[PDB]
Amino acid sequence: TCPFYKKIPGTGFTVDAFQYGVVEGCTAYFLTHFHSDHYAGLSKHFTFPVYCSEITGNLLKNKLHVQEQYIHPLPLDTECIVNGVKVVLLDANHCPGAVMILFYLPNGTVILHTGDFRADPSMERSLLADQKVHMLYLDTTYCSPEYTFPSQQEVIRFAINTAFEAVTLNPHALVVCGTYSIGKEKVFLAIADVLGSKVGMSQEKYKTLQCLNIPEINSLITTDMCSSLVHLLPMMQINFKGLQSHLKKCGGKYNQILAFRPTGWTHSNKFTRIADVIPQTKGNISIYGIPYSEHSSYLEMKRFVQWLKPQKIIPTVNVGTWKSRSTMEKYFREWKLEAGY
Ligand code: NI
């Protein structure tokens, strides 16, 4: 059954709750972003109102075939009325089209639902600055102090420098980047830009990218593999067997592959810096795991929450075990005692 952490009290709303069938008493289903664990259950046969960003709405229509009459896109940073309740959508700094949602309850309570987010100080100057938030439904993916990671900017600088050096030393080297969802587009776009190439990909992934309102996108991507020296493949194909295979397919146009695997966190984050990363190398193939995250680090999370000073926190991630739940509740209390709310 639908868990309590997906229901917004005092409303007939649910958030990211599409795999339970009809939810008794739901008059509007919000969708924070187009990642499969969040939209799981949506299809062309859905007949209830879905509220979301413009970009998520483009993906629901073109990739899922949800019918236009059930998709209600809203602009960001704008007070809107939905079924009699004032809401605002804010940029979540996650993947394209990902939002946080502010609900203004008839009783005066204000609730923020982060969806999936990477907290940033710029959020402290959004419409969140303007009033008190009583309850926070929080993306707690990396809620433990071991989780450190570098800025997105640092990671992109590393990738750009690594690729440019390799291809300038060997003009017959191929760059490959893995993907399995939207998100992390900066990795493959930044590498292609330094190499004076478009990025080449499959027809299904090009279609996906043409939904995302990225400026000048026609100048940046293509379905013609042969013309391009940065290719995208399914993350499942980013390994030696999969890459050797792929290298054959270009027909001796390339003699070396340099591949990136954008992970979230991995335990080499605890012992190594970005300046000191190394790849796995079998022959003329090298695979780099780069810690490009679209979720808050523990310190970014903690800063956000200490700034917001909510009355109550409801975790939406790692909630399945008593041990995780208890650990999270301990950090929340530390934070509140340190900051004095
Ligand atoms: Ni996500």
# chains A, B, ... in the order shown; residues from 1 in each chain; ligands from 1
>>> residues_around(residues="residue 177 (chain A)", least_positions_apart="4", cutoff="12 Å", atoms="only C-alpha atoms", output="number ranges by chain")
A: 159, 163, 184-192, 199-201, 229-239, 243, 257-263, 286-290
>>> residues_around(residues="region 21-30 of chain A", least_positions_apart="2", cutoff="12 Å", atoms="only C-alpha atoms", output="PDB file with N, CA and C atoms, in the first residue's frame")
ATOM      1  N   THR A   1       0.810  -1.280   0.000  1.00  0.00           N
ATOM      2  CA  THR A   1       0.000   0.000   0.000  1.00  0.00           C
ATOM      3  C   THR A   1       0.833   1.316   0.000  1.00  0.00           C
ATOM      4  N   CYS A   2       0.223   2.441  -0.391  1.00  0.00           N
ATOM      5  CA  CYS A   2       0.993   3.715  -0.490  1.00  0.00           C
ATOM      6  C   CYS A   2       1.579   4.190   0.830  1.00  0.00           C
ATOM      7  N   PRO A   3       2.884   4.405   0.885  1.00  0.00           N
ATOM      8  CA  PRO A   3       3.433   4.700   2.203  1.00  0.00           C
ATOM      9  C   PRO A   3       3.076   6.130   2.630  1.00  0.00           C
ATOM     10  N   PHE A   4       3.075   6.362   3.935  1.00  0.00           N
ATOM     11  CA  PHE A   4       2.738   7.687   4.462  1.00  0.00           C
ATOM     12  C   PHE A   4       3.679   8.772   3.946  1.00  0.00           C
ATOM     13  N   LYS A   6       4.702   9.364   1.056  1.00  0.00           N
ATOM     14  CA  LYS A   6       4.277   9.802  -0.285  1.00  0.00           C
ATOM     15  C   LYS A   6       2.935  10.562  -0.304  1.00  0.00           C
ATOM     16  N   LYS A   7       2.337  10.786   0.879  1.00  0.00           N
ATOM     17  CA  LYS A   7       1.052  11.499   0.998  1.00  0.00           C
ATOM     18  C   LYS A   7       1.262  12.891   1.657  1.00  0.00           C
ATOM     19  N   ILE A   8       0.570  13.913   1.159  1.00  0.00           N
ATOM     20  CA  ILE A   8       0.636  15.264   1.675  1.00  0.00           C
ATOM     21  C   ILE A   8      -0.670  15.488   2.515  1.00  0.00           C
ATOM     22  N   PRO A   9      -0.528  15.553   3.841  1.00  0.00           N
ATOM     23  CA  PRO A   9      -1.725  15.698   4.725  1.00  0.00           C
ATOM     24  C   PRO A   9      -2.524  16.951   4.434  1.00  0.00           C
ATOM     25  N   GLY A  10      -3.847  16.853   4.526  1.00  0.00           N
ATOM     26  CA  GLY A  10      -4.724  18.008   4.401  1.00  0.00           C
ATOM     27  C   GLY A  10      -5.038  18.309   2.976  1.00  0.00           C
ATOM     28  N   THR A  11      -4.612  17.401   2.088  1.00  0.00           N
ATOM     29  CA  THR A  11      -4.835  17.577   0.693  1.00  0.00           C
ATOM     30  C   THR A  11      -5.225  16.202   0.193  1.00  0.00           C
ATOM     31  N   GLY A  12      -5.723  16.175  -1.032  1.00  0.00           N
ATOM     32  CA  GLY A  12      -5.872  14.936  -1.765  1.00  0.00           C
ATOM     33  C   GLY A  12      -4.662  14.710  -2.678  1.00  0.00           C
ATOM     34  N   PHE A  13      -3.480  15.161  -2.260  1.00  0.00           N
ATOM     35  CA  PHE A  13      -2.265  14.951  -3.160  1.00  0.00           C
ATOM     36  C   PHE A  13      -1.321  13.797  -2.771  1.00  0.00           C
ATOM     37  N   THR A  14      -0.645  13.196  -3.786  1.00  0.00           N
ATOM     38  CA  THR A  14       0.447  12.307  -3.563  1.00  0.00           C
ATOM     39  C   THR A  14       1.614  12.747  -4.468  1.00  0.00           C
ATOM     40  N   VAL A  15       2.756  12.287  -4.040  1.00  0.00           N
ATOM     41  CA  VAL A  15       4.039  12.647  -4.716  1.00  0.00           C
ATOM     42  C   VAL A  15       4.746  11.332  -5.074  1.00  0.00           C
ATOM     43  N   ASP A  16       5.097  11.179  -6.350  1.00  0.00           N
ATOM     44  CA  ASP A  16       5.868  10.076  -6.864  1.00  0.00           C
ATOM     45  C   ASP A  16       5.249   8.667  -6.472  1.00  0.00           C
ATOM     46  N   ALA A  17       3.921   8.597  -6.633  1.00  0.00           N
ATOM     47  CA  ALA A  17       3.113   7.464  -6.148  1.00  0.00           C
ATOM     48  C   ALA A  17       2.246   6.901  -7.266  1.00  0.00           C
ATOM     49  N   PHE A  18       2.916   6.319  -8.258  1.00  0.00           N
ATOM     50  CA  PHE A  18       2.222   5.866  -9.464  1.00  0.00           C
ATOM     51  C   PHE A  18       2.122   4.308  -9.563  1.00  0.00           C
ATOM     52  N   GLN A  19       2.668   3.563  -8.615  1.00  0.00           N
ATOM     53  CA  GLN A  19       2.673   2.087  -8.735  1.00  0.00           C
ATOM     54  C   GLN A  19       1.776   1.354  -7.724  1.00  0.00           C
ATOM     55  N   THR A  32       7.879  14.474  -9.363  1.00  0.00           N
ATOM     56  CA  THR A  32       9.033  15.380  -9.166  1.00  0.00           C
ATOM     57  C   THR A  32      10.058  15.344 -10.347  1.00  0.00           C
ATOM     58  N   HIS A  33      10.253  14.194 -10.968  1.00  0.00           N
ATOM     59  CA  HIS A  33      11.229  14.089 -12.100  1.00  0.00           C
ATOM     60  C   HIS A  33      11.095  12.770 -12.824  1.00  0.00           C
ATOM     61  N   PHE A  34      11.611  12.727 -14.060  1.00  0.00           N
ATOM     62  CA  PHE A  34      11.573  11.501 -14.867  1.00  0.00           C
ATOM     63  C   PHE A  34      12.719  10.500 -14.614  1.00  0.00           C
ATOM     64  N   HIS A  38      10.665   6.735  -9.568  1.00  0.00           N
ATOM     65  CA  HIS A  38       9.657   7.770  -9.260  1.00  0.00           C
ATOM     66  C   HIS A  38       8.414   7.740 -10.136  1.00  0.00           C
ATOM     67  N   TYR A  39       8.545   7.441 -11.456  1.00  0.00           N
ATOM     68  CA  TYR A  39       7.376   7.352 -12.350  1.00  0.00           C
ATOM     69  C   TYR A  39       6.769   5.963 -12.532  1.00  0.00           C
ATOM     70  N   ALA A  40       7.354   4.987 -11.828  1.00  0.00           N
ATOM     71  CA  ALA A  40       7.076   3.550 -11.974  1.00  0.00           C
ATOM     72  C   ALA A  40       5.589   3.356 -11.856  1.00  0.00           C
ATOM     73  N   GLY A  41       4.985   2.839 -12.919  1.00  0.00           N
ATOM     74  CA  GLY A  41       3.557   2.698 -13.003  1.00  0.00           C
ATOM     75  C   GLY A  41       2.825   3.529 -14.045  1.00  0.00           C
ATOM     76  N   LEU A  42       3.338   4.695 -14.509  1.00  0.00           N
ATOM     77  CA  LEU A  42       2.726   5.538 -15.486  1.00  0.00           C
ATOM     78  C   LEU A  42       2.851   4.900 -16.869  1.00  0.00           C
ATOM     79  N   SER A  43       1.875   5.171 -17.733  1.00  0.00           N
ATOM     80  CA  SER A  43       1.714   4.591 -19.085  1.00  0.00           C
ATOM     81  C   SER A  43       0.637   5.376 -19.882  1.00  0.00           C
ATOM     82  N   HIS A  45      -2.304   4.593 -20.459  1.00  0.00           N
ATOM     83  CA  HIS A  45      -3.601   4.196 -19.879  1.00  0.00           C
ATOM     84  C   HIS A  45      -3.938   4.887 -18.557  1.00  0.00           C
ATOM     85  N   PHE A  46      -3.072   5.804 -18.131  1.00  0.00           N
ATOM     86  CA  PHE A  46      -3.344   6.629 -16.945  1.00  0.00           C
ATOM     87  C   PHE A  46      -4.402   7.701 -17.267  1.00  0.00           C
ATOM     88  N   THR A  47      -5.424   7.806 -16.396  1.00  0.00           N
ATOM     89  CA  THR A  47      -6.539   8.773 -16.553  1.00  0.00           C
ATOM     90  C   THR A  47      -6.806   9.714 -15.332  1.00  0.00           C
ATOM     91  N   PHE A  48      -5.733  10.015 -14.564  1.00  0.00           N
ATOM     92  CA  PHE A  48      -5.784  11.047 -13.493  1.00  0.00           C
ATOM     93  C   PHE A  48      -4.821  12.209 -13.768  1.00  0.00           C
ATOM     94  N   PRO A  49      -5.097  13.394 -13.204  1.00  0.00           N
ATOM     95  CA  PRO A  49      -4.246  14.546 -13.450  1.00  0.00           C
ATOM     96  C   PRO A  49      -2.824  14.298 -12.859  1.00  0.00           C
ATOM     97  N   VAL A  50      -1.817  14.551 -13.709  1.00  0.00           N
ATOM     98  CA  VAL A  50      -0.389  14.534 -13.327  1.00  0.00           C
ATOM     99  C   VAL A  50       0.144  15.954 -13.422  1.00  0.00           C
ATOM    100  N   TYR A  51       0.752  16.425 -12.331  1.00  0.00           N
ATOM    101  CA  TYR A  51       1.286  17.774 -12.270  1.00  0.00           C
ATOM    102  C   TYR A  51       2.841  17.645 -12.178  1.00  0.00           C
ATOM    103  N   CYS A  52       3.526  18.482 -12.950  1.00  0.00           N
ATOM    104  CA  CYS A  52       4.967  18.342 -13.165  1.00  0.00           C
ATOM    105  C   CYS A  52       5.518  19.543 -13.868  1.00  0.00           C
ATOM    106  N   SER A  53       6.850  19.561 -14.043  1.00  0.00           N
ATOM    107  CA  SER A  53       7.488  20.562 -14.859  1.00  0.00           C
ATOM    108  C   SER A  53       7.191  20.402 -16.362  1.00  0.00           C
ATOM    109  N   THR A  56       9.495  17.445 -17.687  1.00  0.00           N
ATOM    110  CA  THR A  56       8.959  16.128 -17.319  1.00  0.00           C
ATOM    111  C   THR A  56       7.712  15.804 -18.172  1.00  0.00           C
ATOM    112  N   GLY A  57       6.929  16.838 -18.444  1.00  0.00           N
ATOM    113  CA  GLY A  57       5.699  16.682 -19.250  1.00  0.00           C
ATOM    114  C   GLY A  57       6.059  16.254 -20.691  1.00  0.00           C
ATOM    115  N   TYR A  70      -4.245  14.534 -19.597  1.00  0.00           N
ATOM    116  CA  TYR A  70      -3.830  14.264 -18.195  1.00  0.00           C
ATOM    117  C   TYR A  70      -2.482  14.901 -17.724  1.00  0.00           C
ATOM    118  N   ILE A  71      -1.725  15.512 -18.616  1.00  0.00           N
ATOM    119  CA  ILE A  71      -0.453  16.152 -18.263  1.00  0.00           C
ATOM    120  C   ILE A  71      -0.658  17.654 -17.988  1.00  0.00           C
ATOM    121  N   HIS A  72      -0.384  18.084 -16.746  1.00  0.00           N
ATOM    122  CA  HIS A  72      -0.479  19.525 -16.413  1.00  0.00           C
ATOM    123  C   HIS A  72       0.890  20.146 -16.043  1.00  0.00           C
ATOM    124  N   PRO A  73       1.597  20.690 -17.017  1.00  0.00           N
ATOM    125  CA  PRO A  73       2.890  21.263 -16.720  1.00  0.00           C
ATOM    126  C   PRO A  73       2.706  22.589 -15.996  1.00  0.00           C
ATOM    127  N   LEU A  74       3.580  22.900 -15.037  1.00  0.00           N
ATOM    128  CA  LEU A  74       3.637  24.217 -14.397  1.00  0.00           C
ATOM    129  C   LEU A  74       4.993  24.878 -14.529  1.00  0.00           C
ATOM    130  N   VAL A  82      -3.750  24.686  -7.411  1.00  0.00           N
ATOM    131  CA  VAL A  82      -4.108  23.344  -7.867  1.00  0.00           C
ATOM    132  C   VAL A  82      -5.184  22.756  -6.930  1.00  0.00           C
ATOM    133  N   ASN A  83      -6.356  22.428  -7.495  1.00  0.00           N
ATOM    134  CA  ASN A  83      -7.492  21.906  -6.724  1.00  0.00           C
ATOM    135  C   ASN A  83      -7.686  22.672  -5.456  1.00  0.00           C
ATOM    136  N   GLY A  84      -7.617  23.995  -5.544  1.00  0.00           N
ATOM    137  CA  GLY A  84      -7.788  24.835  -4.388  1.00  0.00           C
ATOM    138  C   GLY A  84      -6.691  25.060  -3.393  1.00  0.00           C
ATOM    139  N   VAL A  85      -5.458  24.648  -3.743  1.00  0.00           N
ATOM    140  CA  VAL A  85      -4.290  24.727  -2.850  1.00  0.00           C
ATOM    141  C   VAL A  85      -3.133  25.450  -3.579  1.00  0.00           C
ATOM    142  N   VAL A  87       0.521  26.125  -4.641  1.00  0.00           N
ATOM    143  CA  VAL A  87       1.803  25.414  -4.784  1.00  0.00           C
ATOM    144  C   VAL A  87       2.788  26.206  -5.613  1.00  0.00           C
ATOM    145  N   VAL A  88       4.093  25.942  -5.354  1.00  0.00           N
ATOM    146  CA  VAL A  88       5.221  26.456  -6.144  1.00  0.00           C
ATOM    147  C   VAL A  88       6.188  25.295  -6.490  1.00  0.00           C
ATOM    148  N   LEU A  89       6.648  25.232  -7.726  1.00  0.00           N
ATOM    149  CA  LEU A  89       7.731  24.315  -8.142  1.00  0.00           C
ATOM    150  C   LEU A  89       9.053  25.038  -8.199  1.00  0.00           C
ATOM    151  N   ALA A  98      13.750  18.271 -13.038  1.00  0.00           N
ATOM    152  CA  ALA A  98      13.517  17.840 -11.598  1.00  0.00           C
ATOM    153  C   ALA A  98      13.177  18.998 -10.741  1.00  0.00           C
ATOM    154  N   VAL A  99      12.123  18.826  -9.917  1.00  0.00           N
ATOM    155  CA  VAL A  99      11.615  19.922  -9.047  1.00  0.00           C
ATOM    156  C   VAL A  99      11.499  19.476  -7.609  1.00  0.00           C
ATOM    157  N   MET A 100      11.536  20.485  -6.760  1.00  0.00           N
ATOM    158  CA  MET A 100      11.028  20.457  -5.387  1.00  0.00           C
ATOM    159  C   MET A 100       9.626  21.127  -5.439  1.00  0.00           C
ATOM    160  N   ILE A 101       8.744  20.774  -4.502  1.00  0.00           N
ATOM    161  CA  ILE A 101       7.382  21.299  -4.443  1.00  0.00           C
ATOM    162  C   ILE A 101       7.057  21.899  -3.079  1.00  0.00           C
ATOM    163  N   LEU A 102       6.665  23.172  -3.061  1.00  0.00           N
ATOM    164  CA  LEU A 102       6.153  23.869  -1.854  1.00  0.00           C
ATOM    165  C   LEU A 102       4.640  23.854  -1.821  1.00  0.00           C
ATOM    166  N   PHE A 103       4.060  23.298  -0.740  1.00  0.00           N
ATOM    167  CA  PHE A 103       2.605  23.253  -0.564  1.00  0.00           C
ATOM    168  C   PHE A 103       2.185  24.194   0.544  1.00  0.00           C
ATOM    169  N   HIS A 113       8.613  19.436  -0.249  1.00  0.00           N
ATOM    170  CA  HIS A 113       8.971  18.079  -0.670  1.00  0.00           C
ATOM    171  C   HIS A 113      10.121  18.224  -1.658  1.00  0.00           C
ATOM    172  N   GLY A 115      11.709  16.197  -3.525  1.00  0.00           N
ATOM    173  CA  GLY A 115      11.962  15.180  -4.501  1.00  0.00           C
ATOM    174  C   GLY A 115      13.361  14.622  -4.320  1.00  0.00           C
TER     175      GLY A 115
END
>>> residues_near_ligand(ligand="ligand 1", cutoff="12 Å", atoms="only C-alpha atoms and all ligand atoms", output="MDAnalysis selection string")
chainID A and resid 16 31:39 92:100 114:118 139:141 180:184 264 293:296 316:317
>>> closest_atom_pairs(of="region 103-178 of chain A", to="region 305-311 of chain A", cutoff="8 Å", atoms="only C-alpha atoms", output="JSON lines")
{"residue": "A:124", "atom": "CA", "partner": "A:307", "partner_atom": "CA", "distance": 7.6}
{"residue": "A:132", "atom": "CA", "partner": "A:308", "partner_atom": "CA", "distance": 7.9}
{"residue": "A:133", "atom": "CA", "partner": "A:310", "partner_atom": "CA", "distance": 5.8}
{"residue": "A:134", "atom": "CA", "partner": "A:311", "partner_atom": "CA", "distance": 5.0}
{"residue": "A:135", "atom": "CA", "partner": "A:310", "partner_atom": "CA", "distance": 5.8}
{"residue": "A:136", "atom": "CA", "partner": "A:310", "partner_atom": "CA", "distance": 6.3}
>>> write_last_selection(atoms="N, CA, C and O atoms", output="CSV table (one decimal), in the first residue's frame")
chain,number,residue,atom,x,y,z
A,124,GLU,N,19.0,29.1,-0.9
A,124,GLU,CA,18.8,29.9,0.3
A,124,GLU,C,18.3,31.3,-0.2
A,124,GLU,O,17.8,32.1,0.7
A,132,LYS,N,8.4,30.6,6.6
A,132,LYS,CA,8.7,29.5,7.4
A,132,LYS,C,8.2,28.2,6.8
A,132,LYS,O,7.0,28.2,6.4
A,133,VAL,N,9.0,27.1,6.8
A,133,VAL,CA,8.5,25.7,6.4
A,133,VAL,C,8.5,24.9,7.6
A,133,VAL,O,9.5,24.8,8.3
A,134,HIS,N,7.3,24.3,7.8
A,134,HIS,CA,7.1,23.5,9.0
A,134,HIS,C,7.5,22.1,8.8
A,134,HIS,O,8.0,21.5,9.8
A,135,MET,N,7.2,21.4,7.7
A,135,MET,CA,7.5,20.0,7.5
A,135,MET,C,8.4,19.8,6.2
A,135,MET,O,8.1,20.5,5.1
A,136,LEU,N,9.4,19.0,6.3
A,136,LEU,CA,10.4,18.8,5.1
A,136,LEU,C,10.4,17.2,4.8
A,136,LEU,O,10.7,16.4,5.6
>>> closest_residue(among="A:327, A:210, A:297, A:166", to="residue 285 (chain A)", atoms="only C-alpha atoms")
A:166
>>> select_by_dssp(residues="region 44-140 of chain A", states="alpha helix (DSSP H)", output="PyMOL selection string")
chain A and resi 54-62
>>> select_by_dssp(residues="region 98-199 of chain A", states="strand (DSSP E)", output="mmCIF file with C-alpha atoms, in the first residue's frame")
data_model
loop_
_atom_site.group_PDB
_atom_site.id
_atom_site.type_symbol
_atom_site.label_atom_id
_atom_site.label_comp_id
_atom_site.auth_asym_id
_atom_site.auth_seq_id
_atom_site.Cartn_x
_atom_site.Cartn_y
_atom_site.Cartn_z
ATOM 1 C CA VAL A 99 11.615 19.922 -9.047
ATOM 2 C CA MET A 100 11.028 20.457 -5.387
ATOM 3 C CA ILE A 101 7.382 21.299 -4.443
ATOM 4 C CA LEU A 102 6.153 23.869 -1.854
ATOM 5 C CA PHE A 103 2.605 23.253 -0.564
ATOM 6 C CA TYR A 104 0.688 26.022 1.270
ATOM 7 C CA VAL A 110 3.868 25.042 4.775
ATOM 8 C CA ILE A 111 5.458 21.789 3.479
ATOM 9 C CA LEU A 112 8.539 21.378 1.194
ATOM 10 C CA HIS A 113 8.971 18.079 -0.670
ATOM 11 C CA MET A 135 7.545 20.005 7.481
ATOM 12 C CA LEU A 136 10.354 18.776 5.138
ATOM 13 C CA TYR A 137 10.064 15.567 3.008
ATOM 14 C CA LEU A 138 13.834 15.066 2.467
ATOM 15 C CA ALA A 173 41.253 7.233 -29.716
ATOM 16 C CA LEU A 174 37.462 7.020 -29.124
ATOM 17 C CA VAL A 175 35.717 8.507 -26.078
ATOM 18 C CA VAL A 176 32.738 6.611 -24.728
ATOM 19 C CA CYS A 177 30.371 7.735 -21.934
ATOM 20 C CA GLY A 178 27.813 5.447 -20.209
ATOM 21 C CA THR A 179 24.187 6.382 -19.441
ATOM 22 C CA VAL A 199 28.009 13.592 -29.346
#
>>> closest_residue(among="A:323, A:246, A:44, A:282", to="residue 60 (chain A)", atoms="only C-alpha atoms")
A:44
